[PDB]
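S.K.: Submitted below is the structure of interest, expressed as structure tokens.
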Amino acid sequence: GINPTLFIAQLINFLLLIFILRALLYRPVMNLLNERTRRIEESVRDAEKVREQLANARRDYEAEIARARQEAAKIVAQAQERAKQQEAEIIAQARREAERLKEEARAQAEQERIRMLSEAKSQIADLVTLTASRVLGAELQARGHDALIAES
Amino acid sequence: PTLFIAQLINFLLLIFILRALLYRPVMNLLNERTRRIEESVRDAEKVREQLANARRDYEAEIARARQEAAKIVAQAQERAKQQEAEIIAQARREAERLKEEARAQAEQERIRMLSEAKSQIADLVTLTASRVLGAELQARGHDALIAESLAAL
Amino acid sequence: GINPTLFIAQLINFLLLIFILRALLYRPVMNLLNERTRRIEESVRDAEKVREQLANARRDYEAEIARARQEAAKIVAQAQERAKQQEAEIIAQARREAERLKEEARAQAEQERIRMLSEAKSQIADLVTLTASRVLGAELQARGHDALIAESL
Amino acid sequence: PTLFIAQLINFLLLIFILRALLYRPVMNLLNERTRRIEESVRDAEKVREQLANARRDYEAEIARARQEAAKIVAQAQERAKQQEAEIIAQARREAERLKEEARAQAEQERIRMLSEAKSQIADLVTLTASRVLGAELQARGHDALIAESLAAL
Amino acid sequence: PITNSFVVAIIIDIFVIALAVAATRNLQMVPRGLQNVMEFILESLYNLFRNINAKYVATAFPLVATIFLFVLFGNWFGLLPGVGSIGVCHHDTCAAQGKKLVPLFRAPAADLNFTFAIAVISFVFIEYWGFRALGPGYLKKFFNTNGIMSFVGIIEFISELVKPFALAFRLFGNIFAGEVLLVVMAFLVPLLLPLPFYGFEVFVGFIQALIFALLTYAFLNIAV
Amino acid sequence: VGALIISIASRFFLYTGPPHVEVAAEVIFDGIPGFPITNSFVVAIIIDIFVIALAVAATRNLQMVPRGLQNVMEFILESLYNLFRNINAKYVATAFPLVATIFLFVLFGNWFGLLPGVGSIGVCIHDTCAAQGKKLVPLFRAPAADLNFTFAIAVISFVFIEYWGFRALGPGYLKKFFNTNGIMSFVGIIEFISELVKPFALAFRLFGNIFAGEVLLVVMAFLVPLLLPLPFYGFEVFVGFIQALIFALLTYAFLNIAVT
Amino acid sequence: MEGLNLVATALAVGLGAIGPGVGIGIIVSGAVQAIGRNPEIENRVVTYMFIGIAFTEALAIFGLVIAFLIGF
Amino acid sequence: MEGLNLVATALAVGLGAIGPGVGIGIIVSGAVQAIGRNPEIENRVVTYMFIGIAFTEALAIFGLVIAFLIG
Amino acid sequence: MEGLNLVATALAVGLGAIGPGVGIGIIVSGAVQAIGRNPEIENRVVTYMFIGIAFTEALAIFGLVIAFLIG
Amino acid sequence: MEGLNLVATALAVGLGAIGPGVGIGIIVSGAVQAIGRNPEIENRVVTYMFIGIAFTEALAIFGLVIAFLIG
Amino acid sequence: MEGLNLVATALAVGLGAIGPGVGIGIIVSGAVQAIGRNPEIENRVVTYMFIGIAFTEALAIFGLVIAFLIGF
Amino acid sequence: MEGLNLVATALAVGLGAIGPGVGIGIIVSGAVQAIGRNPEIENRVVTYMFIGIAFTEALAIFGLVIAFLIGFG
Amino acid sequence: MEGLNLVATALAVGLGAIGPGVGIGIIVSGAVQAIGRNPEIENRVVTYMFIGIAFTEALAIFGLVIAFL
Amino acid sequence: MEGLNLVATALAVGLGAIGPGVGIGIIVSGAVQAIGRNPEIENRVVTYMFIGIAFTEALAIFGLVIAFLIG
Amino acid sequence: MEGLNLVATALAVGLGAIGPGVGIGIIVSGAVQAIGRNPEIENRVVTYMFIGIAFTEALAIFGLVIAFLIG
Amino acid sequence: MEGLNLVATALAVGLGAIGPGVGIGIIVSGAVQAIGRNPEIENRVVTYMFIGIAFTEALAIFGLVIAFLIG
């Protein structure tokens, strides 16, 4: 109970359905494959973004470190220049003082010695006090001796 | 026939009755699978957004680094001002100490010269007195020491 | 062949054989097995008891030796106590003898003091001769003084 | 019929085959069981004999230890008596030594008292001679011959 | 003209192109609707096709995948009750004045050619690939290869030839199994008796389509 | 020796000389008023006497040292005593000789079956008694072939099972009786039916086994003169020894079953 | 013959259920063994547990139905 | 062949009782072998155990009912 | 013929005892290995053995009733 | 029918013996294998062996009694 | 004799399928225990699980087809 | 049907023992399997070995003896 | 009579099929155990399983073709 | 009905051979499996190898001899 | 009978096919499981497997040629 | 009826060969299982393998010659 004509008709219908289905679904299979495979490019982009963020963080840290180093170097240079100028000024002032004050002290000592040497009235008063001091006192000398005054 | 219709109706009813109860969990599973595929798509979109905004994140990091640089420069300026002020103050203090020491040394030199002059004047007065003591003794007579020597006995 | 009489006869024969075996075969075999098991158990128990008996004999010998030693030590201690008492009695007798010796020494001292009374008989004349001996050339007489000798001390 | 003859021939052949192989192993197994039973019986007999001899030896050792303890106790009593005698003898010897020492010390004390009394009498005689002769030489013995004696040269 | 079974050969065949067109219209990431759960099994079948061989996933996939996809609905098509309960006429509905009551509302896969149509398409394409890949090696006699070991190639090639014939027959028998089982509970009971295994048979028919797809994968596996 | 195996002497009155079958289900000696004598039952008394004679010899001159039959019977009895103790020592000594009496009689019965020449032995090809006009009443029928004797033993075993059943939960045997609910009721009823069948089974078990060796020996004799039966007889002798051991073992197993 | 259809009807029905009756007997036997070891892959292995049962039970219906083609 | 129905009647009754009768034997043997293994998933797989028993017992039903159709 | 009913009596009883005669053998063998492994779940698991025969023994008695009906 | 009952009697006994005869092979061999694995458990596991045997042995005897009844 | 094909048309289907109705159960349950240790290996196993089943069920087909080649 | 009883007496003798003809080998195997693993229980398990041997063989004798009712009345 | 050939047709088909109907099932399941053991020798043994299939399945079709003759 | 004895001969020939003809391999397989278990013990293991063979080889010849009687 | 030889033709072809149809399956799968466990001694096994195959394949051809002569 | 001997020819040739023929596989499968673990005992068990073959094939070729003896 098998009809070759009916068998041929059924085979033709099945073959036409299969060919049409293959032609229609060749595109859909590739579409689904691309939709699934987009995640691979997504992961590649995510890895690239992570690498870029890490590079940006490293660059920011390096910039902060370099800025801190330059700031410290500038502060150190300014402090060193200020200290050098201060030390030079202090040394110059100390030298000027030790020179001028000492020279003026020596000159004033010499002048005061000369004036006191000129101020022999106290030395004359000293000789007057020395007169009759337990000698030429109760028994005074014969008219004294002006030579000591002459010596003075 | 009537029996065939009844059998077909009962089979369809049983099929639907089983299908609803089975499809409840099956609809849950299908919704879970759709949600998983949508979550994969959302992860793809988030990765793309992160890749796009990497430039903005780098700009923000560069801005933070520039702000840190400005803060470091301000701290350097403040430290330089403080160190310069400390150096100037120390220099002024040392100069004042040196000037006070110089003035004190000058005054002490004046005092020492005065004291040395006083001692030298005392010595010279004794010498000048001795220079005329012999002449005074010769003029007034030396028998007083002989009288003094006798008074010693 | 479903004859019941033959079945009954066979059953009777089997029952009689079983009774005979219980009387003859089963009883002697059970007796022999029980005797063998009892002999084995008795041998094990006897070995354990023999080891225990040897250990107990050694322990008893040691204990008898210890008891004898304890009794001997008690006898020795009693003898030592008696000897100590005798030695104390001897020491007391020695102390009494020493006291008697001291008393005899005191009596001898008293006898010596009594003999010192003979000095009046002798030492008076001994001194009188000694005074003559003291007088070089034997002056004595007028040069001597018997009253001073009579004065004595 | 010949069936019985054939059956007998087959039975004889089977018996010969069985005796060829099974007889040796069955005999070996029976001999092994008999040997095990005999070994167990000999072990039980030896254990019983050992237990009996051990009880006998324990009694004998108890008797020997009792005899040794009795000998020890007798030796203890004899040593106690001997030590009591020795202690009494040592005490008597020490007492005799003390008594002899007392007698010797008494003789020494008598001699010492005699010597001490002699020395005291001599000192008294010397003192009395000094008193009397000095009194005698003062006036009674006062003669110029004293200077002549001093002038011996 | 042709038989009612050959007439029924386009009831699902038209929908087969329509479903693939719907599959072409509905195929995207996270597709909800026509491509939600069926494509997941299809991808698993593609994974199963990948589990067979990477080449087998595309060597004759157009010659294989559509038929299994069609028979998946075709298995569901057979499970439909009441189709033919009244005679179509080419005291029952058509018992009186019988016009042979040829019902076109019947499973065309029940025809052995319809099973053989998918079977021959996969078998020949595998054989053509087998001709391309092995050819003579597919039926390599290997005369006295290992001391008269030539029977390996001859028997297997006959068995392999029998296998494509059996595969068409087995699917036809499986198709006939459901058709026979359709009236099994019909005269037995008037209600709900066929439901005990009709869905299971449909699942088995769905498995049979998968088995045919597996056989297509297996034939490629044999071709590999 | 070597390849001297010929054994071609079979063709000597092997087929024409021996009868075709000449077998029977049972043989009765009869010739006695009241109870009819049976050649199997007569052999059983002879078997019982020989077993008693074996028992008498070991019992006579009994000594502590095991030797000869005393040593042989000991290890024979001890293993069975050990086996029963290994099986179930709760009531092993309760009926230890009873199983042994079953064991020894069957072992004697197997030995009785091993006795040759009983076939042609019989009073009235043609043979002698069959050649004679009177019916060839065969002599020395197999005592073990008496299925009634096995049935009597099985009934006694069933009685022994019943006596154990009388001990099994006392007179209760409730699990053996029935169960109230659950599947245990159907199984227990089946088991009780199975237990009842089990006594009848053992009797049928040994009876066919006993009859088999006699059938096999006759069959072998009708087939071959002497060669095949000798290999065949040893198998039956081992089988008879096994079945004898198996017989009381099943009773012990029934006792072990009744122990539960 | 008069009952030759009837014995043929009892032929396929009685016969066909045997092997498939054993076949399902085999399947679930080792299945519970597999599920008993791993209760978690139950959902994975019960899936393949019944696909054979789908085959195996169906085979017994073949001669069952064919004998019903002799039943009436 | 007047009793041809009768021999037909008892034909399938004993036949179909064999394989499923074996089949229940196989399943419960494997089931019980795993029930002692897994008393935990027991209550889950006791239901699994009776799944094939229902399948096999239904097969034994088919032979008996058609016998009553003939008997 | 005549013994067609009589041979029918032989059929189901003769056939039916086989599969259960195997199937009962299968379970207890598998049970004992499970029982030997787990004698603690034994009471819980031999219940399945006790109900396992009930799934099968009832099948074996299908022809026995019918045989007596033909009896 | 010229000894049809003779044929009929000679079937069921030969039929219902192979199955149970197999079933004995299953249980005890599986039991001994378990007992070989587990010498410890021997009290109720061995009992489970014999209760199935009694269930198994009875199956082979169903038609054997009925054989001589028709016989 | 009369209608001799009646038993014949029911013969092979009852016989020729039960053995195949067993081997699949062996195929399945053996695989079930095999896959019961590795579930994900089904990709290589389930594909080989059905190739024999295809051969096995093909034997079951033979009883069905000749039941009408002789049946008609 | 001149050979019908001859057929009948040859019916159950072929059958019946097949299962025991197989089951004994199973009984042999697993026991032999068991003693290979467990040689120490051999003094106790070989007892269990012959338990089913009697069970198998006893049913196997039925095909012989009962068929002799057919062969010999 | 008049159907013995028709009887003979279903004879070998129903009989011989179960051999491979079981034997191949043992082979395949045994192969699955072997594949479950290792798929490394799968190239050798799946072919060797097919070798046994060629050994077995060929026997199964012996009576099928003969019955048509 | 000629040849009815000739077929009657072949009855026990085929059936009586397959049963024992299977168990022997099981005896062989069980032994050879245990040979690999422990070749250490061979005198008291392979002893059991031929124990079942006598229960098996001789069992088959039961129908062999009675069939020749028909012959 | 007119088809008795025709029936006799179909017996042995159907009959003997099961043995090698199963025994070789046992030969193959037993070896396949063995070879699958270890293919090292496979070449020895395959030769010994072919030894078993040859001991069984020839049995399948015993009545195969014989039937064609009668045919 | 002019062909029962021809039928009986296929009986003894067919039947009695499946069992032993399968039993060869049991020997073979059991061997390769043991062969799969030990080649040194192999030469000791090649004879033991030949023990089974001699036990198997001898019974196998019983009815083959017997069929010609009565054919």
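So you can find residues: chains in the structure tokens are A, B, ... in the order shown, residues in each start at 1, and ligands are numbered from 1 in order.
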Applying 6 Å and only C-alpha atoms, which residues near stretch 51-59 of chain L remain after dropping the ones on its own chain fewer than 5 positions away? List them as a CSV table (one decimal) with N, CA and C atoms, in the first residue's frame.
M.R.:
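Dumped everything to around-v8.csv:
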```
chain,number,residue,atom,x,y,z
F,205,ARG,N,12.5,-33.5,47.6
F,205,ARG,CA,13.8,-33.2,47.2
F,205,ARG,C,14.7,-34.5,47.3
J,21,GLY,N,14.8,-21.5,39.9
J,21,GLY,CA,16.1,-22.1,39.9
J,21,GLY,C,17.2,-21.0,39.6
L,20,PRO,N,18.6,-23.9,37.3
L,20,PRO,CA,19.7,-24.5,38.1
L,20,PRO,C,21.0,-24.8,37.4
```
S.K.: Could you work out which residues of chain M fall inside 12 Å of chain P? Count only C-alpha atoms, and format the result as a ChimeraX atom specification.
M.R.: /M:1,8,12,15-16,18-19,22-23,26-27,30
S.K.: For the residues selected in the previous step, produce a file with C-alpha atoms as an mmCIF file, in the first residue's frame.
M.R.:
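Output (again-v5.cif):
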```
data_model
loop_
_atom_site.group_PDB
_atom_site.id
_atom_site.type_symbol
_atom_site.label_atom_id
_atom_site.label_comp_id
_atom_site.auth_asym_id
_atom_site.auth_seq_id
_atom_site.Cartn_x
_atom_site.Cartn_y
_atom_site.Cartn_z
ATOM 1 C CA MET M 1 -0.012 -26.366 6.207
ATOM 2 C CA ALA M 8 8.860 -19.674 8.729
ATOM 3 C CA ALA M 12 14.064 -16.369 12.105
ATOM 4 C CA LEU M 15 14.369 -15.562 16.975
ATOM 5 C CA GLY M 16 17.742 -14.316 15.789
ATOM 6 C CA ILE M 18 17.239 -10.804 20.180
ATOM 7 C CA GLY M 19 20.813 -12.110 20.115
ATOM 8 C CA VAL M 22 20.947 -8.183 23.694
ATOM 9 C CA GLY M 23 24.550 -8.732 22.610
ATOM 10 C CA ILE M 26 25.926 -5.514 26.158
ATOM 11 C CA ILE M 27 28.599 -4.345 23.711
ATOM 12 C CA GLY M 30 30.206 -2.273 27.841
#
```
S.K.: Could you give me, as JSON lines, a per-residue list for chain N showing, wherever an atom lies at most 6 Å from an atom of chain P, the closest pair of atoms and their distance in Å to one decimal, using only C-alpha atoms and sorting by chain then residue number from low to high?
M.R.:
```
{"residue": "N:1", "atom": "CA", "partner": "P:1", "partner_atom": "CA", "distance": 4.9}
{"residue": "N:2", "atom": "CA", "partner": "P:1", "partner_atom": "CA", "distance": 5.1}
{"residue": "N:3", "atom": "CA", "partner": "P:4", "partner_atom": "CA", "distance": 5.2}
{"residue": "N:6", "atom": "CA", "partner": "P:5", "partner_atom": "CA", "distance": 5.8}
{"residue": "N:7", "atom": "CA", "partner": "P:8", "partner_atom": "CA", "distance": 4.7}
{"residue": "N:10", "atom": "CA", "partner": "P:12", "partner_atom": "CA", "distance": 5.4}
{"residue": "N:14", "atom": "CA", "partner": "P:16", "partner_atom": "CA", "distance": 3.7}
{"residue": "N:17", "atom": "CA", "partner": "P:16", "partner_atom": "CA", "distance": 4.8}
{"residue": "N:18", "atom": "CA", "partner": "P:19", "partner_atom": "CA", "distance": 3.7}
{"residue": "N:21", "atom": "CA", "partner": "P:20", "partner_atom": "CA", "distance": 4.1}
{"residue": "N:22", "atom": "CA", "partner": "P:23", "partner_atom": "CA", "distance": 4.3}
{"residue": "N:25", "atom": "CA", "partner": "P:27", "partner_atom": "CA", "distance": 4.7}
{"residue": "N:28", "atom": "CA", "partner": "P:27", "partner_atom": "CA", "distance": 5.8}
{"residue": "N:29", "atom": "CA", "partner": "P:30", "partner_atom": "CA", "distance": 4.1}
{"residue": "N:33", "atom": "CA", "partner": "P:34", "partner_atom": "CA", "distance": 5.6}
{"residue": "N:36", "atom": "CA", "partner": "P:34", "partner_atom": "CA", "distance": 5.7}
```
S.K.: Any chance you could lay chain G over chain K, fitting all C-alpha atoms in order by least squares, and write the moved chain as a short mmCIF file (atom, residue, chain, number, x, y, z; two decimals) with N, CA and C atoms, in the first residue's frame?
M.R.:
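As written to disk, selection_4.cif reads:
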```cif
data_model
loop_
_atom_site.label_atom_id
_atom_site.label_comp_id
_atom_site.auth_asym_id
_atom_site.auth_seq_id
_atom_site.Cartn_x
_atom_site.Cartn_y
_atom_site.Cartn_z
N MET G 1 -2.70 -22.84 6.99
CA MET G 1 -4.07 -22.92 7.50
C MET G 1 -4.75 -21.56 7.49
N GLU G 2 -5.97 -21.51 8.02
CA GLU G 2 -6.76 -20.28 7.98
C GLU G 2 -6.12 -19.18 8.82
N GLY G 3 -5.66 -19.52 10.02
CA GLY G 3 -4.99 -18.59 10.90
C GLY G 3 -3.49 -18.77 10.96
N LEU G 4 -2.91 -19.60 10.10
CA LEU G 4 -1.46 -19.80 10.11
C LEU G 4 -0.72 -18.52 9.78
N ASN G 5 -1.28 -17.70 8.90
CA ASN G 5 -0.75 -16.36 8.69
C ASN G 5 -0.86 -15.52 9.96
N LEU G 6 -2.00 -15.63 10.66
CA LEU G 6 -2.23 -14.81 11.84
C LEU G 6 -1.27 -15.15 12.96
N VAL G 7 -1.05 -16.44 13.22
CA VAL G 7 -0.11 -16.83 14.26
C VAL G 7 1.32 -16.47 13.85
N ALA G 8 1.64 -16.63 12.56
CA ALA G 8 2.93 -16.18 12.06
C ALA G 8 3.07 -14.67 12.19
N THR G 9 1.98 -13.93 12.00
CA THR G 9 2.01 -12.49 12.22
C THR G 9 2.31 -12.17 13.68
N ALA G 10 1.64 -12.86 14.60
CA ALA G 10 1.93 -12.67 16.02
C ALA G 10 3.24 -13.32 16.42
N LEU G 11 3.78 -14.20 15.58
CA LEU G 11 5.05 -14.85 15.90
C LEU G 11 6.19 -13.85 15.90
N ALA G 12 6.41 -13.18 14.76
CA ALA G 12 7.56 -12.29 14.64
C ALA G 12 7.39 -11.03 15.48
N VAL G 13 6.17 -10.49 15.55
CA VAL G 13 5.93 -9.28 16.33
C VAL G 13 6.23 -9.53 17.80
N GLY G 14 5.67 -10.60 18.36
CA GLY G 14 5.89 -10.88 19.76
C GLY G 14 7.33 -11.26 20.06
N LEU G 15 7.96 -12.02 19.17
CA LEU G 15 9.32 -12.48 19.41
C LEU G 15 10.32 -11.34 19.28
N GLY G 16 10.30 -10.64 18.15
CA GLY G 16 11.41 -9.77 17.79
C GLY G 16 11.65 -8.65 18.78
N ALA G 17 10.59 -8.15 19.41
CA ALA G 17 10.73 -7.04 20.34
C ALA G 17 11.42 -7.43 21.64
N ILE G 18 11.61 -8.73 21.90
CA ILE G 18 12.07 -9.17 23.21
C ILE G 18 13.54 -8.79 23.41
N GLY G 19 14.42 -9.35 22.59
CA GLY G 19 15.84 -9.15 22.75
C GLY G 19 16.28 -7.71 22.60
N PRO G 20 15.85 -7.06 21.51
CA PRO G 20 16.03 -5.61 21.42
C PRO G 20 15.40 -4.85 22.57
N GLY G 21 14.24 -5.30 23.05
CA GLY G 21 13.68 -4.71 24.26
C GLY G 21 14.62 -4.86 25.44
N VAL G 22 15.27 -6.02 25.54
CA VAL G 22 16.34 -6.19 26.52
C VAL G 22 17.55 -5.36 26.13
N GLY G 23 17.86 -5.30 24.83
CA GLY G 23 19.09 -4.66 24.38
C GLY G 23 19.15 -3.19 24.74
N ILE G 24 18.07 -2.46 24.46
CA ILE G 24 18.00 -1.07 24.91
C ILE G 24 17.98 -1.01 26.43
N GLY G 25 17.33 -2.00 27.06
CA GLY G 25 17.36 -2.07 28.51
C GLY G 25 18.77 -2.15 29.06
N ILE G 26 19.63 -2.92 28.40
CA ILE G 26 21.02 -3.03 28.83
C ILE G 26 21.74 -1.70 28.64
N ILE G 27 21.55 -1.08 27.47
CA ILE G 27 22.36 0.07 27.07
C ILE G 27 22.18 1.22 28.04
N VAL G 28 20.95 1.71 28.18
CA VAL G 28 20.70 2.88 29.00
C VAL G 28 20.92 2.57 30.48
N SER G 29 20.87 1.29 30.86
CA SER G 29 21.16 0.90 32.23
C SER G 29 22.56 1.35 32.64
N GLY G 30 23.58 0.84 31.95
CA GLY G 30 24.94 1.26 32.23
C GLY G 30 25.26 2.65 31.74
N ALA G 31 24.43 3.20 30.85
CA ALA G 31 24.65 4.56 30.38
C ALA G 31 24.43 5.57 31.50
N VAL G 32 23.31 5.45 32.21
CA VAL G 32 23.05 6.34 33.34
C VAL G 32 24.11 6.15 34.41
N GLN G 33 24.57 4.91 34.59
CA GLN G 33 25.72 4.67 35.45
C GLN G 33 26.92 5.48 34.98
N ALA G 34 27.22 5.43 33.68
CA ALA G 34 28.33 6.21 33.15
C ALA G 34 28.06 7.71 33.25
N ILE G 35 26.84 8.14 32.91
CA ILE G 35 26.51 9.56 33.02
C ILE G 35 26.42 9.98 34.48
N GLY G 36 25.92 9.10 35.35
CA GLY G 36 25.84 9.43 36.77
C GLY G 36 27.20 9.69 37.40
N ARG G 37 28.22 8.95 36.97
CA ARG G 37 29.57 9.21 37.47
C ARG G 37 30.11 10.53 36.92
N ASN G 38 29.97 10.74 35.61
CA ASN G 38 30.49 11.94 34.96
C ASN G 38 29.37 12.64 34.20
N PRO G 39 28.76 13.69 34.77
CA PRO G 39 27.73 14.44 34.03
C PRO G 39 28.28 15.30 32.90
N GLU G 40 29.60 15.47 32.80
CA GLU G 40 30.17 16.36 31.79
C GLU G 40 30.39 15.66 30.45
N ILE G 41 30.82 14.40 30.46
CA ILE G 41 31.06 13.67 29.22
C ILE G 41 29.74 13.09 28.73
N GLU G 42 28.64 13.50 29.36
CA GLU G 42 27.30 13.17 28.91
C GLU G 42 27.15 13.40 27.41
N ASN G 43 27.47 14.62 26.95
CA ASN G 43 27.41 14.92 25.53
C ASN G 43 28.32 14.00 24.72
N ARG G 44 29.44 13.58 25.30
CA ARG G 44 30.30 12.62 24.62
C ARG G 44 29.70 11.22 24.64
N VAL G 45 29.12 10.81 25.77
CA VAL G 45 28.68 9.43 25.91
C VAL G 45 27.23 9.22 25.48
N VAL G 46 26.38 10.25 25.57
CA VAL G 46 25.04 10.14 25.02
C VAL G 46 25.11 9.96 23.51
N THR G 47 26.15 10.51 22.88
CA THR G 47 26.38 10.31 21.46
C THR G 47 26.46 8.83 21.12
N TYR G 48 27.27 8.08 21.87
CA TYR G 48 27.34 6.64 21.68
C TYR G 48 26.21 5.90 22.37
N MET G 49 25.45 6.57 23.24
CA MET G 49 24.33 5.91 23.90
C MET G 49 23.25 5.51 22.90
N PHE G 50 22.96 6.39 21.94
CA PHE G 50 21.84 6.17 21.04
C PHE G 50 22.22 5.47 19.75
N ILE G 51 23.50 5.43 19.39
CA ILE G 51 23.89 4.71 18.18
C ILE G 51 23.59 3.23 18.33
N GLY G 52 23.78 2.68 19.53
CA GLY G 52 23.31 1.33 19.80
C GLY G 52 21.80 1.25 19.82
N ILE G 53 21.14 2.25 20.42
CA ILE G 53 19.68 2.31 20.40
C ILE G 53 19.18 2.41 18.97
N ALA G 54 19.91 3.16 18.13
CA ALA G 54 19.59 3.19 16.71
C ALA G 54 19.68 1.80 16.10
N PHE G 55 20.73 1.05 16.44
CA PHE G 55 20.78 -0.35 16.01
C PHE G 55 19.69 -1.16 16.68
N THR G 56 19.60 -1.08 18.01
CA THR G 56 18.84 -2.07 18.77
C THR G 56 17.34 -1.95 18.50
N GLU G 57 16.81 -0.73 18.52
CA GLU G 57 15.39 -0.54 18.23
C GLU G 57 15.06 -0.98 16.81
N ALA G 58 15.97 -0.73 15.87
CA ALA G 58 15.72 -1.07 14.47
C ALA G 58 15.60 -2.58 14.28
N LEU G 59 16.38 -3.36 15.04
CA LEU G 59 16.34 -4.81 14.89
C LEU G 59 14.96 -5.36 15.19
N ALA G 60 14.30 -4.84 16.23
CA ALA G 60 12.96 -5.28 16.58
C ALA G 60 11.94 -4.94 15.51
N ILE G 61 12.24 -3.97 14.64
CA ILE G 61 11.30 -3.60 13.60
C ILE G 61 11.37 -4.57 12.42
N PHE G 62 12.44 -5.35 12.32
CA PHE G 62 12.64 -6.25 11.19
C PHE G 62 11.51 -7.26 11.07
N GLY G 63 11.39 -8.15 12.06
CA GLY G 63 10.29 -9.10 12.06
C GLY G 63 8.95 -8.43 12.25
N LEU G 64 8.95 -7.26 12.89
CA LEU G 64 7.73 -6.46 13.00
C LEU G 64 7.18 -6.12 11.63
N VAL G 65 8.04 -5.61 10.75
CA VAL G 65 7.62 -5.26 9.40
C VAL G 65 7.32 -6.51 8.58
N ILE G 66 8.17 -7.54 8.72
CA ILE G 66 7.96 -8.78 7.98
C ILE G 66 6.63 -9.42 8.36
N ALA G 67 6.26 -9.34 9.64
CA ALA G 67 4.94 -9.83 10.03
C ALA G 67 3.83 -8.94 9.49
N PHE G 68 4.13 -7.66 9.23
CA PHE G 68 3.15 -6.82 8.55
C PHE G 68 3.07 -7.16 7.07
N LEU G 69 4.15 -7.70 6.49
CA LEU G 69 4.05 -8.34 5.19
C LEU G 69 3.17 -9.58 5.24
N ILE G 70 2.89 -10.09 6.44
CA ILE G 70 1.85 -11.09 6.66
C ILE G 70 0.58 -10.46 7.23
N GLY G 71 0.68 -9.27 7.82
CA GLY G 71 -0.47 -8.56 8.35
C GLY G 71 -1.58 -8.40 7.33
N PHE G 72 -1.30 -7.66 6.25
CA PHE G 72 -2.21 -7.66 5.12
C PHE G 72 -2.20 -8.97 4.35
#
```
